[PDB]
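One structure is given here, and the rest of the page talks about it.
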Amino acid sequence: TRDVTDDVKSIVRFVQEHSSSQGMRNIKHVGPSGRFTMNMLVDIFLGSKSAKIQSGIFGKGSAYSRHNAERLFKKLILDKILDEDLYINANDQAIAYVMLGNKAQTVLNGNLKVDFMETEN
């Protein structure tokens, strides 16, 4: 139904912005600890105030129900636009963090439009 392309473009650009220290010579990489769980991304997107980061795509999702914002991310993973590997902290917990998938660069080149079906409940 609703076209969610410009949002995916920026969600993608965002995710990758918080992956390296672009600029400084040593293009240092972030994560696994400096990576976002799908919820942290949903919280950031949905302008939540528990958002770890409150810039970039911080206010974007203000027109999405929390339910739908989640499904939009569940989908972006499903579509390999965003992917998630696992992290294991010292307390021996397995945490799933999000990263870009082989299809993200596509959406960035407009070569791929994304569509989303808004759901209730």
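Following the order of the structure tokens, chains are lettered A, B, ..., residues in each are numbered from 1, and ligands are numbered from 1.
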- Task: Show which residues sit within 10 Å of residue 71 of chain A, as a ChimeraX atom specification. Count only C-alpha atoms, and ignore same-chain residues fewer than 3 positions away.
- Result: /A:42,65-68,74-77,116-119
Output for the residues just chosen: C-alpha atoms as a PDB file, in the first residue's frame:
```pdb
ATOM      1  CA  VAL A  42      12.537   1.268  16.163  1.00  0.00           C
ATOM      2  CA  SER A  65       2.155   3.156  14.922  1.00  0.00           C
ATOM      3  CA  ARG A  66       4.685   1.333  17.095  1.00  0.00           C
ATOM      4  CA  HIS A  67       3.195  -1.853  15.668  1.00  0.00           C
ATOM      5  CA  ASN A  68       3.824  -0.768  12.081  1.00  0.00           C
ATOM      6  CA  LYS A  74      10.927  -6.885  10.326  1.00  0.00           C
ATOM      7  CA  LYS A  75      10.351  -6.490   6.609  1.00  0.00           C
ATOM      8  CA  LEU A  76      13.528  -4.554   5.790  1.00  0.00           C
ATOM      9  CA  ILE A  77      15.423  -7.503   7.316  1.00  0.00           C
ATOM     10  CA  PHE A 116       4.736  -1.488   2.955  1.00  0.00           C
ATOM     11  CA  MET A 117       1.265  -2.629   4.012  1.00  0.00           C
ATOM     12  CA  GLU A 118       0.037  -0.818   7.147  1.00  0.00           C
ATOM     13  CA  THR A 119      -1.547  -3.258   9.634  1.00  0.00           C
TER      14      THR A 119
END
```
- Write down as a list in words the residues belonging to chain A that are assigned strand (DSSP E) by DSSP computed on the backbone.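 Strand (DSSP E) assignments inside chain A correspond to residues 2, 3, 82, 83, 84, 85, 86, 87, 88, 94, 95, 96, 97, 98, 99, 100, 115 and 116 of chain A.
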- Query: Near residue 39 of chain A, counting only C-alpha atoms, which residues have an atom at most 12 Å away, once you skip same-chain residues fewer than 2 positions from it, shown as number ranges by chain?
  - Reply: A: 35-37, 41-46, 48, 50-52, 66-67, 69-74, 95-98
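Using only C-alpha atoms for every distance, the candidate list A:27, A:63, A:81, A:57 yields A:81 as the residue closest to residue 112 of chain A.
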- Query: When you draw a straight line from atom CA of residue 84 of chain A to atom CA of residue 105 of chain A, how long is it in Å?
  - Reply: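 Those two atoms sit 16.1 Å apart.
Using only C-alpha atoms, the shortest contact distance between residue 5 of chain A and any of A:121, A:93, A:111, A:102 is found at A:111.
Near segment 9-22 of chain A, within 7 Å and counting only C-alpha atoms, sit residues 28, 29, 30, 31, 56, 57, 99, 100, 104, 107 and 108 of chain A, not including residues fewer than 6 positions from it in the same chain.
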- Mind checking DSSP for segment 10-113 of chain A and telling me the alpha helix (DSSP H) residues as a PyMOL selection string? chain A and resi 10-17+38-45+66-78+104-108
Keeping N, CA and C atoms, export the residues of the selection given above as an mmCIF file, in the first residue's frame.
```
data_model
loop_
_atom_site.group_PDB
_atom_site.id
_atom_site.type_symbol
_atom_site.label_atom_id
_atom_site.label_comp_id
_atom_site.auth_asym_id
_atom_site.auth_seq_id
_atom_site.Cartn_x
_atom_site.Cartn_y
_atom_site.Cartn_z
ATOM 1 N N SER A 10 16.953 6.605 4.109
ATOM 2 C CA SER A 10 17.584 7.244 5.257
ATOM 3 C C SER A 10 17.847 6.278 6.412
ATOM 4 N N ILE A 11 16.984 5.285 6.599
ATOM 5 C CA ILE A 11 17.224 4.315 7.655
ATOM 6 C C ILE A 11 18.519 3.616 7.279
ATOM 7 N N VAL A 12 18.659 3.298 5.998
ATOM 8 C CA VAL A 12 19.866 2.640 5.523
ATOM 9 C C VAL A 12 21.069 3.537 5.682
ATOM 10 N N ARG A 13 20.964 4.752 5.169
ATOM 11 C CA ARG A 13 22.080 5.674 5.274
ATOM 12 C C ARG A 13 22.476 5.809 6.743
ATOM 13 N N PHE A 14 21.469 5.877 7.607
ATOM 14 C CA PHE A 14 21.684 6.008 9.042
ATOM 15 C C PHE A 14 22.480 4.827 9.573
ATOM 16 N N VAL A 15 21.903 3.635 9.481
ATOM 17 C CA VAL A 15 22.569 2.441 9.957
ATOM 18 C C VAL A 15 24.037 2.434 9.575
ATOM 19 N N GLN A 16 24.344 2.777 8.332
ATOM 20 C CA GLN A 16 25.738 2.750 7.920
ATOM 21 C C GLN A 16 26.554 3.930 8.423
ATOM 22 N N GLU A 17 25.897 5.029 8.760
ATOM 23 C CA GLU A 17 26.631 6.180 9.266
ATOM 24 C C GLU A 17 27.208 5.819 10.634
ATOM 25 N N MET A 38 17.152 -4.237 16.674
ATOM 26 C CA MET A 38 16.032 -3.740 15.897
ATOM 27 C C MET A 38 15.190 -2.765 16.729
ATOM 28 N N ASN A 39 15.063 -3.032 18.022
ATOM 29 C CA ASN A 39 14.278 -2.158 18.885
ATOM 30 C C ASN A 39 14.906 -0.789 19.061
ATOM 31 N N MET A 40 16.221 -0.725 19.219
ATOM 32 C CA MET A 40 16.865 0.569 19.368
ATOM 33 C C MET A 40 16.595 1.373 18.113
ATOM 34 N N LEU A 41 16.567 0.701 16.967
ATOM 35 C CA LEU A 41 16.292 1.394 15.720
ATOM 36 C C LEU A 41 14.834 1.825 15.677
ATOM 37 N N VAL A 42 13.951 0.944 16.120
ATOM 38 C CA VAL A 42 12.537 1.268 16.163
ATOM 39 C C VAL A 42 12.345 2.460 17.128
ATOM 40 N N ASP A 43 12.927 2.380 18.335
ATOM 41 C CA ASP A 43 12.844 3.466 19.333
ATOM 42 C C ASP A 43 13.376 4.770 18.750
ATOM 43 N N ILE A 44 14.527 4.732 18.084
ATOM 44 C CA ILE A 44 15.062 5.949 17.481
ATOM 45 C C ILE A 44 14.091 6.471 16.442
ATOM 46 N N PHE A 45 13.723 5.602 15.513
ATOM 47 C CA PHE A 45 12.807 5.964 14.450
ATOM 48 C C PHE A 45 11.538 6.636 14.999
ATOM 49 N N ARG A 66 3.524 2.093 16.656
ATOM 50 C CA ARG A 66 4.685 1.333 17.095
ATOM 51 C C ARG A 66 4.636 -0.025 16.422
ATOM 52 N N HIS A 67 3.431 -0.561 16.304
ATOM 53 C CA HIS A 67 3.195 -1.853 15.668
ATOM 54 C C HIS A 67 3.751 -1.877 14.242
ATOM 55 N N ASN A 68 3.381 -0.871 13.460
ATOM 56 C CA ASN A 68 3.824 -0.768 12.081
ATOM 57 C C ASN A 68 5.302 -0.447 11.907
ATOM 58 N N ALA A 69 5.849 0.390 12.779
ATOM 59 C CA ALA A 69 7.261 0.727 12.694
ATOM 60 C C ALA A 69 8.058 -0.568 12.837
ATOM 61 N N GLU A 70 7.590 -1.461 13.707
ATOM 62 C CA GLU A 70 8.258 -2.739 13.920
ATOM 63 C C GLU A 70 8.180 -3.577 12.657
ATOM 64 N N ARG A 71 6.974 -3.749 12.139
ATOM 65 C CA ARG A 71 6.795 -4.528 10.936
ATOM 66 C C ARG A 71 7.603 -3.972 9.759
ATOM 67 N N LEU A 72 7.807 -2.663 9.725
ATOM 68 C CA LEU A 72 8.598 -2.082 8.648
ATOM 69 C C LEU A 72 10.042 -2.560 8.750
ATOM 70 N N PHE A 73 10.512 -2.770 9.975
ATOM 71 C CA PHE A 73 11.878 -3.222 10.197
ATOM 72 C C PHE A 73 11.987 -4.725 10.036
ATOM 73 N N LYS A 74 10.960 -5.440 10.472
ATOM 74 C CA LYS A 74 10.927 -6.885 10.326
ATOM 75 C C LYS A 74 11.034 -7.163 8.829
ATOM 76 N N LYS A 75 10.339 -6.345 8.047
ATOM 77 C CA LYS A 75 10.351 -6.490 6.609
ATOM 78 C C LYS A 75 11.703 -6.121 6.013
ATOM 79 N N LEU A 76 12.232 -4.948 6.342
ATOM 80 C CA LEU A 76 13.528 -4.554 5.790
ATOM 81 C C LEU A 76 14.625 -5.603 6.019
ATOM 82 N N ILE A 77 14.449 -6.454 7.027
ATOM 83 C CA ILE A 77 15.423 -7.503 7.316
ATOM 84 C C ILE A 77 15.095 -8.628 6.348
ATOM 85 N N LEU A 78 13.817 -8.995 6.325
ATOM 86 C CA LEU A 78 13.319 -10.040 5.446
ATOM 87 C C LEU A 78 13.779 -9.787 4.007
ATOM 88 N N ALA A 104 20.783 -3.333 0.236
ATOM 89 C CA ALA A 104 20.687 -1.995 0.786
ATOM 90 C C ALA A 104 21.200 -0.994 -0.238
ATOM 91 N N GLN A 105 22.391 -1.252 -0.780
ATOM 92 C CA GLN A 105 22.985 -0.351 -1.768
ATOM 93 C C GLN A 105 22.049 -0.145 -2.949
ATOM 94 N N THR A 106 21.221 -1.147 -3.212
ATOM 95 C CA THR A 106 20.265 -1.070 -4.303
ATOM 96 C C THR A 106 19.258 0.044 -4.037
ATOM 97 N N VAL A 107 18.616 -0.013 -2.873
ATOM 98 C CA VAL A 107 17.625 0.987 -2.497
ATOM 99 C C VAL A 107 18.225 2.387 -2.474
ATOM 100 N N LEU A 108 19.529 2.461 -2.229
ATOM 101 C CA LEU A 108 20.225 3.742 -2.184
ATOM 102 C C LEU A 108 20.403 4.304 -3.582
#
```
- Message: Using Å and a single decimal, report how far atom CA of residue 103 of chain A sits from atom CA of residue 82 of chain A.
- Response: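 Pair atom CA of residue 82 of chain A / atom CA of residue 103 of chain A returns 8.0 Å.
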- Distance atom CA of residue 6 of chain A-atom CA of residue 87 of chain A, one decimal place? 29.4 Å
